[PDB]
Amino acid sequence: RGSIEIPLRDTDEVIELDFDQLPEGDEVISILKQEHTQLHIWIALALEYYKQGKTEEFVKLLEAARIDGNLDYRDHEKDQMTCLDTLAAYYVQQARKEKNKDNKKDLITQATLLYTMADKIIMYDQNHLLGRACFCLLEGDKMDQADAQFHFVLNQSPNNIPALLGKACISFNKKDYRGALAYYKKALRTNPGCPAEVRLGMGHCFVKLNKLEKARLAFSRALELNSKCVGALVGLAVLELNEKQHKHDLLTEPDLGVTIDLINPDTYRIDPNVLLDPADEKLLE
């Protein structure tokens, strides 16, 4: 599955951690602290815990790295941005799910303070702006502000999947659903391996754009790729029942069920081998 090398300080040796053998989160931290490990390694370990579903290990690694992650290397700043923006992004995703109103407000505060201090390191780091953009969507009428940040990212990186998904969502909420569908379609064409929820959001465009048919094929492709996908079950199970447009207004979450993943750098990595599979190729016509 993989391993990571931890340079032992004042030595030419190294200790390997096997990812299938991931130690207790708390002892890893004392190791990286003891060997004054550079920040970039702390982050690598933390994301691996995130991938293995070991979430509190991931949180505690990166919070610890803010104190004892060594910065004695060129481009450490970019790693501080990754560390702060990934902490912030995670707290936001906990905030959406959390039901204690008081607890949720604390998560938001933590994300706010993290983004504010990441502002003072690399003001315009692409990932950072994607974080602030999605954070604008989280709540406000910061829709215009989020739109400007997403749009600026595509004026540097036209194929950036998070920015396209962000533009699609904003397009939909201002009810330009041809534009929202185009954005979603470009996301999926560009990165055939993208999350199942991309077709979910295409579904909702395919519903408001009165193309009821592919709307169902979109929702179905989502459940095929992740049978847990709920807003698509909701989606299909309201194609049952024939303005008409409104009943489809309030089953749709504001993020149209499409969460933009700012934590796992893999979610939109583009393997040149993965090819468009015909069920998506039909939705793209």
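Residue positions are given as counts along the sequence shown, with the first one as 1.
The stretch of deposited sequence separating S227 from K228 contains no residues lacking coordinates in this entry. Relative to its counterpart among 160-168 and 136-144, 136-144 has the higher mean temperature factor, C-alpha atoms as listed in the PDB entry. In this crystal structure, the stretch out of 102-110 and 79-87 whose C-alpha atoms carry the higher mean B factor is 102-110. As recorded in the entry, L212 carries the highest CA temperature factor of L212, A118, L130, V92. Which of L61, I260, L47, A218 has the largest Cα B-factor in the deposited entry comes down to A218. When all modelled residues of the chain are sorted by CA temperature factor, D68 is found within the lowest third. In this PDB entry, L39 carries a Cα temperature factor that places it within the lowest third of its chain's modelled residues. When the CA B factors of the chain's modelled residues are split into thirds, the value for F150 lands in the lowest one. When the modelled residues of the chain are ordered by C-alpha B-factor, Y124 sits in the lowest third. When the CA B factors of the chain's modelled residues are split into thirds, the value for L32 lands in the lowest one.
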